[PDB]
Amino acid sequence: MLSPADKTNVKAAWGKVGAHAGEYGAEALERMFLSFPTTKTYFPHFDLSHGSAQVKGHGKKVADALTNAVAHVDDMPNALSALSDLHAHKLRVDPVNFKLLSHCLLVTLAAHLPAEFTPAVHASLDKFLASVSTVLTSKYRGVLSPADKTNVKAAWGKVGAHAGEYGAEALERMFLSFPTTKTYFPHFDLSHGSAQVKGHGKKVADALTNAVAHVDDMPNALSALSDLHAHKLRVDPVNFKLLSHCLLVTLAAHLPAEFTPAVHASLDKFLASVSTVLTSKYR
């Protein structure tokens, strides 16, 4: 999470933005539209010509909300609650795009703040925009509901004794489908039937079993694992999405009756939650 050192850095940088916030917000959108043209699909109803009043208007609204987030840095979910609802329920902008605007906001600040944009401020601003994006997307699916917890516990119970086997299959699927993930195991024999793969799949599955048994207290239960990935293994966060996908594929292939649309949705939410915890201490 944002440290108090992060919050001080963010408040210094944004203070310096001051009255140009609206202008910078409009610059960030234009940079986004030019560099990542797929983002224009969310604004077919705008005139996106340079300097358009719509773009200027939206730029200032974007910047207002960031100013609000900065001024309520310790209470972000609460303070941006209306904005969260609107993106989750109405606009329904795919979460990938929040990363693209954050990058363009960062480029904009760099281009206007030569004195302030030091390495540590850069890192803090990046973390802050990632936190904002997390809050704005937190209601798309929300936290795990009691139906979700029930669904995950039933599906995993059905998995039972085969949890280890399924974990190894998921890894094998991951290595074959996403070969970049192999770069984290140069020290393994990754051939089919490898005992190194089986032994690791058992460890992964046992940790998931531990998480299911502690669905409400997952950060503590997974704390040692969070430490280990953040500070030793240092697996790029992108890779957790790929294993989650292959875990889901594995469960689907073995659970013909249990893998209903609702259970699929709950499982996808659960593994995203697990991935969130495991990367929580990276930064």
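So that there is no doubt, residue numbering starts at 1 and follows the sequence shown.
Here the stretch with the larger average CA B-factor, out of 221-229 and 245-253, is 221-229.
Stretches compared: 211-219, 62-70. Higher mean C-alpha B-factor in the entry: 211-219. Per the PDB record, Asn78 has a higher Cα B-factor than any other of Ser133, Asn78, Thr118, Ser124. Listed residues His112, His192, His103, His87 were ranked by CA B-factor as deposited; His192 comes out on top.
Looking at the C-alpha B-factors along this chain, the one for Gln54 belongs to the middle third. In the PDB entry, a CA B factor belonging to the lowest third of its chain's modelled residues is recorded for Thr183. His45: CA B factor lies in the highest third for its chain, per the PDB record. Residue-level temperature factors show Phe270 in the lowest third of its chain, judged at the C-alpha atom. Per the deposited record, the Cα B-factor of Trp156 falls in the highest third when ranked against the other modelled residues of its chain.
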